[PDB]
Structures are given as structure tokens and as C-alpha cells.
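Chains as they are written, first to last, in the entry's author numbering: chain CD, 253 to 905; chain CC, 1 to 890, 913 to 1342.
All residues carry an ideal CB built from backbone N, CA and C; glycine is no exception.
Below: the structure, in C-alpha cells.
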DNA sequence: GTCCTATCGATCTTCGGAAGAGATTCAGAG
DNA sequence: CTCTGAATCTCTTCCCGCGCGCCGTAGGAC
Ligand SMILES: [Mg+2]
Ligand SMILES: [Zn+2]
């Protein structure tokens, strides 16, 4: 190809074939002109050494070059590896009908939607837009509709909002480690230029919102839409593929709001009255007559689905708080209130959400998750949950704890100053005195944070769980648990040298206060190690996943039951003393290999190829079973695949 | 106390406490004094071009038997100055001219010349020059050479565990690294046999070198090993005991004599026994024959009588051998002492590997191991071996390498030759063997005493050497064969190889970086980067934790925070604020001398290996105003260890609390509080802020802005003191005062400011005045702001009023919520200037034209072109507008159209034309401009001298010799024709009218030369006829998706542009401008951002009291009282300031700049205590909790509990969204395989890359995948059938088989590999 | 100045990758 | 006299996206 003016792009192969053909022209000449052996052995060497270049330049002694020692890319350099066809153009390739933008958070989306800019939708869906303007007969054909789109005329949006009206679009970040990293959403149009993503789903992508771009793809055919809607739509993927654990796990602000809504404060406005239901609980809150975390009694009703699966509705007085009454209004009618009657936090609400999925199923769960999100945002707003430096709490015992520990370290030093302790022992004991100070500072600081709240119970003071701003965030599990708050206001503690060996004199300061220059300079030996690790690791992790999919990709589940009776045995992992995992982690949802007996003898408990779903694993936990034999894909005697029963539960379903 | 006239306009209230004894060095002396060190000639020939010339000249051929020799060099002034050069697009360079003298000798005679011909300065090349901003201009583009940091030349000893063999033991290695030439490695084999190699070639037995130097083995053994002797007298074979050779080891055998036995069999030996051994004088002793039967002999033993061998040096003895050789009369038999701990036998072991006999057989082995396939040959071998280590053409420890070598061998002196010598290698071997004998230490590799900085003035001296090295090879041959009769030096050399060498360097080297001219900080922190990469360095892909990590010698030399996280952490570092390059290139940094017990205010720079010899107190350490330490014991660092030591034990002290950081981090306030992750991301995000439209000042800073904005050279700085004569936002012109004038000059310094222009990153850079007409200015005052500055403080961003709280989730996770009030104010709008160019050529079908007569297009488009064929200035343009109506013969409308998507106002055009080619009225329009701009500024001197000279007529008329019957109405040289007599005054008149004519003739050549600069065309590339460049300015606003960041490494997209009524507002009804999320502060431990907010809030409060005191018409004496009460606030803060001396005028002029918040300094590790922020907030009428109750503008409800409100500083980053939003329906495809193009600069499709395909396969989704990688992508049929089915709305595909896979088949079948598709 | 033909067939490709595995080279001996 | 141990050499691998920026055969002979 020509480039900038009358110059051909140096198009490597044509320099290699040029080498060959020149040499061959000479060799035909010198053969027919009958040169002596030494001359033809010259040209014959130079020809063999040139065809060497053309095939796989650089397996020779040295690669040949035509610039500042750039080796020319030969054929075999075009086939292989990271810039060659197999990886670069075949296995994955660039695609039309795609676009990208910076993502930004859209709180108002229902979980299945994402907003995408009108400019992109109009430049992406063009073929479908022509397929409406001809169908309106409003444009004569492509030749006019093209112009009618270019002019961006007033009709086109009402057409676009009919084209798109339910065409799923696929959003994926990159890298995309796992299936949850491409998902489909129904688009809704936006005026701006960012892609408005749903808040809960950002966690799945590991999409942070700090300027993290995301690509979008339109699926074109009917089949690509039916696959997108049935499989990849975000509503169908509330669980992880890898472990039976939600991926909708609540966003930090949502859980902050729900924690704040459900606390009890022992003094409050409107405390102690009795109400006929959530609705007048809300009227009581919204008019400002009762505080949200005030204690109350309410009439409640709750629903249970019986042994058949049909609802029994029940009603009672409940003793609770205004905000637990309001929150009960969001829960779908089939869960027990005992799941809400407690000050909620990130673990407690994940199990809340999980139990919704356990009891109702998917379709209520996605909507309940949406409502949780909206609720948490709204009460987190009213909560005004700011952060402020007067809210960093230093336990003044910290001053004494250092002033004590410093002298005891100097006792280890004075022995050393008398030769009375060894050079190893002096060090490895001093760092334990600093550990004994550090545990004490941390413990005093967590006690002080809980200690900061005490209030008059109409007469005489009494204590309660601390409304201290940073402590709400830790105690809720929103962000920054013990290891962070310890550094913010307790002490930063011991630090490590480049070779991992521990510093003899720790950072007894904390970030509420200043580090001096040395404490700061040593602090960076931590952090720069942790960044070097990130930037170094991100290669080897990827080369690991490549090697794995590129060995696993041959498997597909391909029979129902291979017909084995063989398998392997599961127990709690008992080691180092106590059990590091229970049986219910391992065995849940495999199929039994062999008939599982009652603990004891001759009474069978589970038939010999039964899926041990949850009601079976709770039953095993009712028994004194320790070892269970189950089928495993390593033992499944299907040729060229695996049988379904040997694989067992599909974790995402 | 005094402040300069640009300080005394916004005296930043300073909270610092430590008195800054050393004021920050000019932040680019790293670069400028490197290049000055290259460009200056220096008779002490090291450093500079002159050193390189003297590295090659004199130059000669033996067969020519004549020479040419360098005498001296001159460097002419650069053909175009920087401003004009940056327009015209060439490189700013200087012509290199060299006095070469060619000397012609004769045969037979003494060498006295037949002739010698000094060529009058042969032209040698064009070396670029550095601009005073420290940047090179290389093709109009402005480029910066980052300093390299790499392993200094020297000798280095090393060892490792597990990386080698892993059986618990460690292997030791020594290297000699020259500056130029071959590396030599010595290393032991595991079995302690010693080996050597050159340049990581094959392993050789190490004595092969000592052989090659023609030591015999007997001599080698006298170089390395201690003697033990046997004397065959008083009884057969007595033995020479040196007592100290037995200690700690077991006396496993009979040694005794004469009285008390020292130590009998089986017992250790100790001091008291050695003293008894000495007191008995054990000079000879009895030992059993097993002892002598252990020995290896030192020296050669032929039988003299037969003349024939019985034993040889390092041959091993036995009783029968000892008998026959002492029986042969060799009554002194001599051997070596080799205790396994202290005297291991490694060289004898090496002589058991050794295949060599003597010198020649080793040279044979050398030449065959090094040059396999060439013949060894006695006359030929040395022409390898000497050029490995002993010849200047190929081995060279520079003066730094020799110094480091000598220091490591513990030599007394460091003025030494650059080549090795026998004893220079032997000393390395001995030191390596001492290490293996356990009596020494290995060096830490990654220590800033072993790695040295190379900067531009050294990289370019090497590349210029590569030049002279290729001229060497040409000129030697041409001289050797030449007749010497007609040749003159300009025949002998030609510039082309030098120019190739240096131009490729500055143009394209891995270190000639294109400058990040993003904002004035990013200019500087780039000019002072330290890079480990590039030629002679390591590589970003090929290093690990050993070098990325920080090291204890970094303190004060390299900033630990400011490194570009990502694939090259710590392979790039930023040279710390105060640090400096030593003479040799090692990084050295200033410390205060602690003299006995007082901190003396004198600074000594310490290199990284001077530092370990002292104990140095941390910068915070207090003093008593005499200067004794206040503390009785104090924290110091010492040997990388840190601990507490006594008062008056300590020996040096840090110079400043800023010493540990770079400017990039030194600008963060309250850095004392931040996690070093978030310090790092802060100090990296500051260098990306784009200059906003109306930039001002950070309210909380560090007082480093007053230095970054000035030293970065981008504010225009007053070269000499004077008074402002005129200002108009394009020119500023200063009547310099006569106390700093040069006597013949007009005395007037213009400053033509640069206006709207593209930065290298497309942000605009318009300088604006800060002065007023008639205002006085002093040398070094800022006259004009740069981009991102105001009043000469750095000012990247805008001091936006932020409150920390959740808001319905719009600021979830990280996002920033923003009020419409900020965008309405044009707070963050920013101007992006693109350059588009239309080239035109003398193509093969014929020459192009620029015209409006374009074929196939009507006035519907052409309405914006003028009649010449270029767009009007001030045309506002959009996609597809024709900017330049180029056309090609045989007529084709190829014309410059504005690319898709972009839009803007055409702010300027430029036109460039070859020689011998016609202009047009847009070239004449530009000539009219530039001529007039030169002529005006010249006239404003000629006018000033004319006025002075006519005064110099008038005054000496009017004062005496008056002729003023009529005077001032007349032409003031027609004043000569008045009738004054031939007394001296008429001769003064005649002479000073001739001085007036010559004053006209003076400018009569100066303006001609200037107009000749403008009249000419330009040095176009071959093929082009002319080029025109057209600039589009876009005023981009701010919108969802744009990125903003704080200084603390907090960052977000802005997520919604909320209308004012929805912002929270306070109990006074002012809404907040931004709502940040709180949870990021504990979760990422960057709580310094809260104290910036509170101190920012107080900063607003003082302006709030001042603005009220200016709306109310308070008298200055009350106003001065409040301002003074603000500056004196706090503890014993460093600064003192007396508004009593500000003359009221300047008190109002000060107030008029505080009236939007008092600016504050919080120097990095020395900031305000909390108790001083509270104190300032109490001086304002503000709530000292810092928090305020807020209400929600959606309802007017109160928020529960107050929330933080205050003035953070926020930067718009250059990652703004419309520069990234992209989408493609269909368009281009690549040629080799039909997959879509990739880009925004091309209308590309996103890569559905490898990992996404596994992601689809992991759903069941097969049809989606089939589509994505065929129909949507590659199948040349199917995609056009798909498109039509979609416009038909059929929703069906025909999938085929991708053409990229057919490419593969042919690319395999283009090997002799028959791959084929198969049927069943 | 343009067109055609060839590369260090009279040097010196960078030491600062680790690894990890194979092909290919050598011990102590039956 | 070469057979299983081990020893030195080369070959091969090293995240995914993305955006800029520039830079892009020579020398000799007719
Ligand atoms: Mg991110
Ligand atoms: Zn099976």
C-alpha cells in the first residue's frame, strides 16, 4: 500500500521474496554459465540462507533486518502467537455495531435496564432505523433514509424509541474474567454521553465508577436476541457461577442506609407508642412525628407458604421500631419478619436477600433487590451520614500505652546494654512488646468508639450503640472494617522492610494525626510493594486463566447419567485441630455415589443417586454423618465428555 | 522583612513552623546544567563535545603515515530562534564548525610537514540546542529528554541463594563493568573452582587470564597464596610453623619440643598456646610425615643433574616424592598454607580444570572460544585479546568508573587510567577470594550509590561519539589511499554520519519523549523524570521486585510517592525536590551541618555513600533559637537503620521537611495524613489537570506554587526592572530603569505574549497580563500569567464548595454529583485547539491546486471558503465542511474536509510554500500581519532613540547657543538650516544630524533583515508544493462522564448535572456546588482531604469577612486591622508580615484579591494543627465544628445531623468523555483481512477480544457468538446479506465462513504445508 | 539528480530474565 | 566401553482492552 505521498509501505514479505528471487536469478545464471564449485557453493549457501529468512526469519543465527535492526516479519511470524492470526484475528476479532463510553451511575434504573446515549443508539441501530422508515414508507429507501437520519429530523427519535423499544444490548467491561462480565440489558435513552449503568451490577463487572470505560454491542439477529434475553439478561444472573452466593450483594451506600434505618436509639421523638401498621408508621415518620429509629410496637402481618406451597397469612402485635416497620413494607409477602427485626448490616442483608431467593424464587428476588436499593439510597440521604474530623476518636489511654511500652522495650534494651540478652532475642521480643501495645491501642479505640454514645433515659444516663459516623460505616459493613479504622485513629503499628523482615520501632501514629517524615517514608515500603504486586501479578493471573480455558475447553456435559457407581468421599476438612470447613460446604448439591445409611447400620437414609439439595443437606446435618460418597467428574465414565449427574448442581441455577 | 511586588498582592497566610534554611533550587537545573555541560568547550578536556573529539582525534593511518587533527570548535548562532522555528516546523539547531588541521608528512625524513592545511572550520553537523525552558524543539514539536538512571561503571560483587543450585550454599560473582567496552564476570563453580567469562559468553577457567598475561603457575601461586616451608636440617624435614596458622582448628597430631608442649593431639589451639609457641621460638619443628604428605608444592623442581623434572609448581607431594627430591639435593622444599576456612585452595582447584599449558595455549583457547571458525594465530590473537581490555578503542572506564573501582579496591587515589592493568584484574580476583574465604561483604545492587544518573548532556555526548566513530572508519581509509595532495579536510569528512547519529537520537530514541505540555506542572515533573529504561538500561517487562521497590537510600534523593503506577512502577521515579546530581552523576542531596551541639546553618551535599558514614537527624527535630536541640535525645537515621540517639551525638540534620518528596507530591496539602496509595494517585493526577478557562488559585496549597509557576518558565517573567510602558494582553512592554539598562540600548523590553495556541496535548495556552499601565515591576516579577496560573501561583483547578454526603445514590461508589451552577459559571469549560493540515504535491499525474473552483461541489458548501481556497478566519465549522479546496489533476476534488464528529471555530491558518512557487492573498494576508508586527516593535525603538536624540539637540541649544525665534513647530533635523555660526554648536548640530541619519540606516538594515525572514518561503519536504494548516478551537463544557479529581487522589466521573434547586442548601440558603461521597475517606484512608475541606472553609470565611468589609465602606484602618489579625493568627508560625508598611494603597490592592478567600499555605509535613484550624474558623464567624446543618432542596426538610461543608480544590482531568464516546454501525474494513478498523481516529469497531469469547461460551450462547465473529465481522458475503435483511427487517442470518480463516489457510499453504478443508 | 541494486565476502548485534523444559553432553562403573 | 545418573545449551512463555503522540531504504554510478 502507498502511504503519505508517493511511497510504498515497506511490506515486509515483499522484501523477503525479493531476496529469494534475486538469489535464484543469480543461481540459475551461474549454473548455466557453469561456475566452479566454490562459487556455486557460495550462491547456494546464500540461497538456502535466504529461504531460511522467508519461512521463519530468526531461527537462523541472526534475524535479518532492513532498518535499525528491526527483524522483518516472516510467514511463520505471521501465523504464531500474540500478534499472529490465531490469537489476533481468528479466535477473537473486531466487530461492527459496537461502541464504548465512560460509564456513570444511574440510580433510577430498574435492574434490567441501562441508559445509553441517544447519539450512540442512533449511530448503532442505523440498519434497524432504515428498516422502519421504509416500513413507514416515510423514506423511499436507503438513499433517502440515510439523508433523513443525517439531518436528525424530528420524527427519527419517535422511530428510535420504537426500534429500541425492547432490543437487548450487551455491555461488557475489559478484562472480562468470568461469564458475569458480559451481560445484556434493555437500553433506555439518555441525553448525555455516558452509559448509565445500574448500581448493583457494577460490582459484578468490578466496574468502579471512577472513569472506567465500557463497551456495548448490539445483537443483530433474532437468535441473538433470544439468547440475550434468555441467558445473559441481568435478571437471570443473580447468582455467581462459582459459588452459591449472590452477586447482587448490596452496594455500600445501600447497606449504610438500611443500617441507619433499622438501629434502635433508646431516646427518640415519639418513642413507645402502638401502631396499626406500616402505613401509619410511615405517616408518623414522614410528618416528623416519630424518629425513624424510635422504638415502637406495631401490629404486623406476615405470610408463610405451607407444606404444599400455599400461603398462610398471620397477624400479631410485634415489638419493633418505626424503621423496621417501614422496611417491612418492601419485603415480598412470603418471608418471616424475623429477618428484618434487627439492625441490618452487609452480611445480615446478604442473607436476607439470599433467603428471599430461597423461599420465593427469582422473579420476586430481583424486584425485592431493586426496592432494597431504592430504599437504602433514600434513607441514606436523609441520614446525612457525613464524615468529619471531629468524628475520628483517639482513646487517650493511647498516650499511656506507649509511655508504658516504651520503658519495657528499654528493659529489653538495658539487658542488651549489659550483654544480658542475645542479639536475636532482643529484637524478636521487642516486636512482641509493640504487638502487645498495638492490640491494646486497637482495643481501647474500638471501646472508645462504642463508648462515645450515652444518653439520659428520661432520668439517669444509659448507653447504646454508637451513632458515631465512622463507626456506623464499620459496624454496618459498608466499607472500611477493623483494619482500616485501626489505622485511621488507633495506631498504624508495625511496618515491614523490603525483604519482609519487621521494623524494630513501629508507626505509633495514625492518620488522624500526622506522620513525621520517617514514619511516612517507611510507610511507602508497604504501599509500593502492594502496587508492584498488583502491576506484576496482573500478567501471571491472565496467563493462568488462559492456560486453563485452553485445557478445559474440550469438556461439555453430554449424557444424563454415565451409569457409574464409583466416586469419592467427602468429609469436613479437619486439620490443625478444628474444622476449617463443614460438610455442608463440600457435599451440598453433588449426587450420592452409593446408598447413604443412617449413622449406625442397615438403615438407608439417601437413595444411591440422589441430588443432595439443601433440604437433604440440612437432614444430613441432623445426623451424625461424617463421610459421604459422591460422584465427581474425575470418575464419570462418559467417553468424550461428562455425564450430568456426575457434575451435579449447576451453581448458577 | 520584604515581599516582592508580585508577592505583595496575595500574601498567602503561611502555617509553616520550621524555618526554611535552604530555598528550593531552580527546579530544572537537572536539565539545563546538564546540557550546558555538553555544549561548553572546556580545556580540562573531560565533559562535552570537546571530550568526544579528543576521544577520536588525532586521527591517522599508518600506511597513510599522515594525520588530521582537531584544533578547536565553534558553535554558530541558531538559524532560526525558538518561536519562529516552532512555527516553521524545523528543529531549533546550531551549526557545528570544527578547525580540522590536515598534516602531510613525508617518508625517510623527519616528520616535518610538506604542508598542513587548517581547513577554516569544516562544517560537521547541526546539533540541536536546548531552550531555556529545558525542552528541545525537534520538528516544531517540543521534546524532552528524560534523565536515565543506570548501573554505574565499576566493580561489583554479588551472591544468591535458591536462584542457584539451592543446596543451602551461595555462589559468589564479581563483575567489572566498564563505561564502554566488554564486561568481565568472575564466578565460582559450586565446588569453588574459579571461572571467568567475557560478555556472558561461555565459562572459562579463571587462570586462563593469568596465563594470558604470562604469569607462570609458580608466579600465580606467589600472587595468591601464603608459603609454608620445610628445612631438611637438625633432622630430616623439619617444618616452618607460623603459629597463628593454628587457631580454633583441632591439633589432631604430634607437635612438641623442648620443655612444655604447646598442645598435644586432639585439642583445639588457643592464644596462650600460641604465646608459648612464640616464646619457645617454634621457627622449626618436628612433624609426622603424614603432615608433609598432605602438601601441594609451590615451586618448580627439576633434578639439576639429570636436568629432568621431579616436581612442579602446584603439583601434589608424597613421602616417596619428597624423599627422592630432597635426595636430589633440593634441601628446601616449599609449599602452600591452605586451611579450609581461611585459606581455601580455589586457584589450585582451578588448575585442575585448566587445559592450558602456558600463554599461547590459553590465547588459543580464548580465540577459539570467542571467535569460533576463525583461525587462531600468534600475530592475530592479540588483536582480539588486547582490544578486550587494554585498548582505548574498545575498553573505557570513564573517570567515574575508575573512581568507583578504586574505591571498592580501597585504593588511595582516584585519578587513574581508564584501561585495566594486570594488577587491576588480580586485585579483583583477590577481593573475590577473600569474600569466598568469608572475610568480606557483597554490594547491594539497587543502591543509589551504585546507580548513577545520566542526563541529556551525556546521552548526547555518547551518540555524538557514535558519529565520530563512523567518520573515523571513513576518514582513515580515504586518508590511507588518498594522494594527500589535493585533499583538504572538507573532502576528508562529511557531516552525514554525525547528523544521522544525533538527529536519530533527539528524534526517535526511547528517551526523546514528546513533552506532556498539559499544564505547567506536567511540564516540570516531566523534565525531571528519572527513567530506568532505554538504551543500556533494563526493560519494563523484564524486572521484578528487586528494583521496583524503594530502597533506604531513596530518602531525599528520589520521591517514593510519585511514580507512575502500572506496568512500570518504580522503573520511573521523580527526582525529589531538593536533590541534585553530583559531579560524577550520583544523586546527592543537601543536609545541615551539626557542629558539636548546634545546628549550624551551612549545607553540605551528601551522596548516597557518604550518608552511611554519619548519623542524621530527622527534619522535625526542635531547636532553642540558639540552635541547640531542644530534645535531650532525637530520632536520626544512620545506616538505613533509624533510632534515637543523643543530643550532640547526631552529626547531620535534614534541611527541610519537604526534602523527601517531589514537586509533584509536594503540592498536596496535608500530605502528612494520606495513605501512600492515595498520595500516589494524587501526585499523578495533578499532572493531568487541563487548564480551565478562568483559572485562579487553590485556597489551600503548600507555597510550592509560587515556585512551580515561575520556574516552569511558562509565565512571562521580567528580565529587568522598570515600569510598565504599555499593556494590551498581546504585548507587555517595560521601560527598564537605567540602573539595569545597557548604555547604548533604547532601554525597552517588549514581551510579545503567546496567545491561543495548541499545547502538545491540544489544551490551549494563552498568557494574560497581570500588570497595569504605569505599574512598577522588579526583576523576576511575574508579568503575565501562564495557563493554569494566576498572579503567578499554580492553579490547576477550581476551589469548588463541596459537602460530604450521600445523595439518593447519584454519588454512589465514587461519582461526583454537580450543581448546574458550576457549569453555568463556566467554571470548568476548557478550550481544545486542533490542528488540521492539507498538504499539496507535484504528483505523477501532475501538480495540485488550491481553489474554490472545486469540481462536483456547489456554493452550498463553498460559501465558507474565501476566493483563494482557504476558510475564513472566524468561520464556525462542523463535520464535512471544506476547510481547504485542494484539487488534483486527472480533476479530483481531494480537499481537506473537517473530519466526522468534531466541531469548532477556526481561529487561525498558516500557509507554507516551496521556493520558486507563487503566493496567494491568504499568504499575502499572513505576510501583512507578520511584517506589520515586526515593523511596529522596531519602530517603538527607533522612535524612542529619535526622541532622545532630538532632545539631545534641543537641550544643548536651549541651555546655551539658543536659536529659538521659533522652535518646536519645525522638523527637528531642519533645525540645522537655522543660521547658527561655525562655533562648535553648528558642528554638534551637523554631527548629531549625521548620528540621526545613521540611526535611520541602522534600522534600515534591521527591518530589511526581518522582512527578509518573512518574505522567504519554507523548507518543505520533497514532493510537496505547499501546505496549509487550519486550527479549530472548541470550547468544551462539562457533562456527565467527564472525570474530576481532587488533589488527594480522590476521583470520579461526574454523574449528574443537578439543577440548582436540587442541591442541598444551608441555613443561609446558599447551595453546595458538589456533593462528594463520604465512604471513600475511611475506606481508602486519604483523610487529609477532610482537613483541606475544613481549612478551605476557613479560607473562605476570611474573605467573607473582607468582602463584607468592602461592600460596607469600611475605612482602611479598620480593614487593615482585620487583615493583620488574620496573618498573625496561630502559634509561632514561620511568616511575619506588617500591613503597617503597605501604604494603604497596597492594603486596598491586597484586599481586592483576598475578597474571595484568603489563600493559605500548609507546607507538606509542617501543616496547621487542628487547633489552628479551629482558631481560624473562630476568627471567621464560622462554626468551629466545621459541619453545618443542611436542608434538601427537594423538600426543605432538614438532614439528620450536620454534614461537612467547605472549599475543596478540584481538577478537571484530561479524560473528558466526548473525547472517548464512540460508536460504529458500518464503515471501513482492513485490506489483508476484512475485519473492521480499530480507533476513534478511524471509525472503528470494538474488539470482541479473546476473553469475551470465553465469556459467551460460558453461557450457552452459541448463536450470539457465531454472529459476533462472522456475520458482524468477517464473512464478506454474510455481512452484506445481513445488512439487507436488517433493513428489510427479516432478522435472519447466513453465516458462511470467515475470510480471515481463509487467510490462515493460504498463509499455511504458503509454507510447503498442504493444509486443506475436508469433506466427510 | 535520478535510477538501480544491494546488505561487516577488512564489524561486533548488549550484559539488568526466570523459568522451565527439553536436546544434547559427560560421570563411575560392570 | 558405553550404561543410567547428572550438566550445559537453546527455545518458549509471560493480562485485556484503550486512547493518544511520532516515525517510516540507502548509496553509488551514470
Ligand atoms: Mg476504576
Ligand atoms: Zn458420570
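Worksheet entry | Contact shell at 5 Å, judged by CB to any heavy atom of ligand 2, ordered along the chain | CD:814, CD:888, CD:895, CD:898
Worksheet item: For residue 801 (chain CC), which residues does DSSP report across the bridge?
Response: Residue mapping note: residue 801 (chain CC) aligns to position 801 of the second chain, counting from 1. Paired residues: CC:1229.
Worksheet item: Should residue 462 (chain CD) be counted as a contact of ligand 1 given a C-beta to heavy atom distance under 7 Å?
Response: Looking up residue 462 (chain CD) in the first chain gives position 210. Within the cutoff, so yes.
Discussion item. Between the alpha carbons of residue 257 (chain CD) and residue 841 (chain CC), how many angstroms are there, rounded?
Written reply: Stepping through the first chain from its first residue, residue 257 (chain CD) is reached at position 5. Stepping through the second chain from its first residue, residue 841 (chain CC) is reached at position 841. So the two alpha carbons sit approximately 8 Å from each other.
Practice prompt. Return the Cβ separation of residue 1076 (chain CC) and residue 802 (chain CC) in integer angstroms, given the expectation that the two are a contact with Cβ distance under 8 Å.
Written response: Here residue 1076 (chain CC) is taken as the residue at index 1054 of the second chain, counted from 1. Here residue 802 (chain CC) is taken as the residue at index 802 of the second chain, counted from 1. Their Cβ separation, rounded to whole angstroms, is 12 Å, which puts residue 1076 (chain CC) and residue 802 (chain CC) out of contact at 8 Å.
Practice prompt. Starting from residue 695 (chain CD), find everything on chain CC with Cβ-Cβ shorter than 7 Å and list it in chain order.
Written response: Here the question's residue 695 (chain CD) lines up with position 443 in the first chain. Ordered by position in chain CC, no residue passes the 7 Å Cβ test against residue 695 (chain CD), which lies about 19 Å from the chain.
Practice prompt. Verify the CB distance criterion: does residue 917 (chain CD) have a CB-CB separation below 8 Å to chain CC?
Written response: The first residue shown for chain CD is 253 and the last is 905, placing residue 917 (chain CD) beyond what the model contains.
Item to complete: Report the neighbours of residue 638 (chain CD) on chain CC: residues whose CB is nearer than 8 Å to its CB, in chain order.
Response: Looking up residue 638 (chain CD) in the first chain gives position 386. Residues of chain CC passing the Cβ test: 803, 804, 805, 1100, 1209, 1223, 1224, 1225, 1226.
Worksheet item: Within 10 angstroms of its Cβ, does residue 1249 (chain CC) collect 16 or more other Cβ (buried), or is it exposed?
Response: Sequence index remark: in the second chain, residue 1249 (chain CC) carries index 1227 (1-based). Classification for residue 1249 (chain CC): exposed.
Item to complete: Verify whether the separation of the beta carbon atoms of residue 920 (chain CC) and residue 15 (chain CC) is less than 8 Å.
Response: Translated into the one-based positions of the second chain, residue 920 (chain CC) becomes position 898. Translated into the one-based positions of the second chain, residue 15 (chain CC) becomes position 15. Cβ distance not < 8 Å, so residue 920 (chain CC) and residue 15 (chain CC) don't count as in contact.
Discussion item. Any beta carbon of chain CC sitting closer than 8 Å to that of residue 303 (chain CD)?
Written reply: Numbered from 1 along the first chain, position 51 holds the residue referred to as residue 303 (chain CD). No - not a single Cβ of chain CC is within 8 Å of the one on residue 303 (chain CD).
Discussion item. Please state the DSSP three-state secondary structure of residue 1050 (chain CC).
Written reply: Locating residue 1050 (chain CC) in the second chain gives position 1028, where the first residue counts as 1. In this structure, residue 1050 (chain CC) counts as strand in the three-state DSSP scheme.
Worksheet entry | Rounded Cβ spacing between residue 574 (chain CC) and residue 449 (chain CC) (contact assumed at less than 8 Å) | For this step, residue 574 (chain CC) is matched to residue 574 along the second chain. For this step, residue 449 (chain CC) is matched to residue 449 along the second chain. Between residue 449 (chain CC) and residue 574 (chain CC) the Cβ distance is about 19 Å, and since that is not below 8 Å, they are no contact.
Discussion item. Closer than 9 Å between beta carbons: that is the criterion. Which residues of the segment 1266 to 1280 of chain CC meet it against chain CD?
Written reply: 1266, 1267, 1268, 1269, 1270, 1271, 1272, 1273, 1274, 1275, 1276, 1277, 1278, 1279, 1280
Worksheet entry | At least 3 beta-carbon pairs within less than 8 Å: the segment 1220 to 1231 of chain CC vs the segment 1262 to 1280 of chain CC | no
Practice prompt. Could you list which residues in chain CD have their beta carbon closer than 8 Å to that of residue 702 (chain CC), in chain order?
Written response: Translated into the one-based positions of the second chain, residue 702 (chain CC) becomes position 702. Within 8 Å Cβ-Cβ: nothing; residue 702 (chain CC) doesn't reach chain CD, min ~14 Å.
Worksheet item: Between the segment 717 to 741 of chain CD and chain CC, which residues of the former have a C-beta closer than 7 Å to a C-beta of the latter?
Response: 722, 725, 730, 731, 732, 736, 737, 739, 740
Practice prompt. For my contact list, residue 1231 (chain CC) and residue 811 (chain CC) are in at a C-beta cut-off of 8 Å; report their separation, rounded to the angstrom.
Written response: On the second chain, position 1209 is the one that residue 1231 (chain CC) refers to. On the second chain, position 811 is the one that residue 811 (chain CC) refers to. Going by Cβ atoms, the distance from residue 1231 (chain CC) to residue 811 (chain CC) rounds to 18 Å, so no, they are not a contact pair.
Item to complete: Could you name the residues of the same chain whose beta carbon sits closer than 7 Å to that of residue 1041 (chain CC), not counting the 5 residues immediately before and after it, in chain order?
Response: Walking along the second chain from the start, residue 1041 (chain CC) turns up at place 1019. Hits under 7 Å: 90.
Worksheet item: Run through DSSP, which three-state label would residue 862 (chain CC) get?
Response: For the purposes of this step, residue 862 (chain CC) is taken as the residue at position 862 of the second chain. Helix, per DSSP.
Worksheet item: Alpha carbon to alpha carbon, how far is residue 1072 (chain CC) from residue 1121 (chain CC)?
Response: For the purposes of this step, residue 1072 (chain CC) is taken as the residue at position 1050 of the second chain. For the purposes of this step, residue 1121 (chain CC) is taken as the residue at position 1099 of the second chain. Roughly 21 Å between the two C-alpha positions.
Worksheet item: the segment 1296 to 1315 of chain CC: which residues have C-beta closer than 8 Å to a C-beta of chain CD, in chain order?
Response: 1296, 1301, 1304, 1305, 1308, 1309, 1310, 1311, 1313, 1314, 1315
Worksheet item: So who's on the other strand from residue 497 (chain CC), going by DSSP bridges?
Response: Taking the second chain and counting its residues from 1, one reaches residue 497 (chain CC) at position 497. DSSP, once it has assigned bridges, lists no residue as partnering residue 497 (chain CC).
Item to complete: List in chain order: all unbroken alpha helix (DSSP H) runs of 4+ residues lying wholly within the segment 316 to 379 of chain CD.
Response: 327 to 331, 370 to 376
Worksheet entry | Check whether residue 435 (chain CC) and residue 442 (chain CC) have beta carbons under 8 Å apart | Position 435 of the second chain, counted from the start, is the residue given in the question as residue 435 (chain CC). Position 442 of the second chain, counted from the start, is the residue given in the question as residue 442 (chain CC). In contact: residue 435 (chain CC) and residue 442 (chain CC) (Cβ atoms closer than 8 Å).
Fill in: Integer Cβ distance of residue 730 (chain CD) from residue 764 (chain CD), believed to fall under 8 Å
By 1-based counting over the first chain, the position of residue 730 (chain CD) is 478. By 1-based counting over the first chain, the position of residue 764 (chain CD) is 512. Not a contact, Cβ separation roughly 19 Å.
Worksheet item: Beta-carbon separation of residue 555 (chain CD) and residue 548 (chain CD) under 8 Å?
Response: Here the question's residue 555 (chain CD) lines up with position 303 in the first chain. Here the question's residue 548 (chain CD) lines up with position 296 in the first chain. The answer is no: Cβ separation not under 8 Å.
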